[PDB]
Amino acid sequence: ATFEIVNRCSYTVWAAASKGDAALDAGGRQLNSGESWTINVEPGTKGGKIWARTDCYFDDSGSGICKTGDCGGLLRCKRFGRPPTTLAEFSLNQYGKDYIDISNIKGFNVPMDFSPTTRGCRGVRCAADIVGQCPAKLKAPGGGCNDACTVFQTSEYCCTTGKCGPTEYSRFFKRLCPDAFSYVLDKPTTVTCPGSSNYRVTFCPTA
């Protein structure tokens, strides 16, 4: 599957792509404003994620840090990023179909559109100013809007037993971005696409 990751933000981002135990393609790259990075994701990939990392610094060895979404201080991500991170989530070729979604379960850092570039489905977008509207308790110093689980580490926010409900915090994300998951048991906003579709993840799709 081919994914084109496009940075439409006015600021540089360091894109990241991982399946949690491995990098997808090169795992990460600097993307200046307007730059596009094309990656190949193996068919059958379950639980892949793409995200942006902001305000990063990396040395010649690919070691460094990001204010949001850091993946163990590496340019080339092997693991998932530190919240707050808006996430483009996907599982490809699952019983003949691809499944995509955007999630705010790990907070929000950059607005995103995640759409197929081939026929048969529709895309999803979370492009509201969540960082500007962020509740005071969820604001992350480094930037971005944390999810409540990251902030408070309770069973209700983290959805431990798989017995949680919506909260004042999940409803904030859902009000701003109804098309993205706002908590673990949120009514799925997953889109079913033909198996082996191609996609584009665009950061800052409206700006």
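Counting begins at 1, following the sequence as shown.
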Between 123-131 and 101-109, the record assigns the higher mean Cα B factor to 123-131
43-51 versus 135-143 - greater average Cα B-factor per the deposited record:
135-143
From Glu168, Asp59, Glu156, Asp70, the top C-alpha temperature factor is at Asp59
Within this chain's modelled residues, let me know which third the CA B factor of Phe80 belongs to: lowest, middle or highest.
middle
In terms of the chain's CA B-factor thirds, is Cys164 lowest, middle or highest?
highest
Relative to the other modelled residues of the same chain, rank the CA B-factor of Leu31 and answer lowest, middle or highest third.
lowest
Based on the entry's values, in what third of the chain does the Cα temperature factor of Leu87 lie: lowest, middle or highest?
lowest
Comparing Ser115 with the other modelled residues of its chain, is its CA B-factor in the lowest, middle or highest third?
lowest
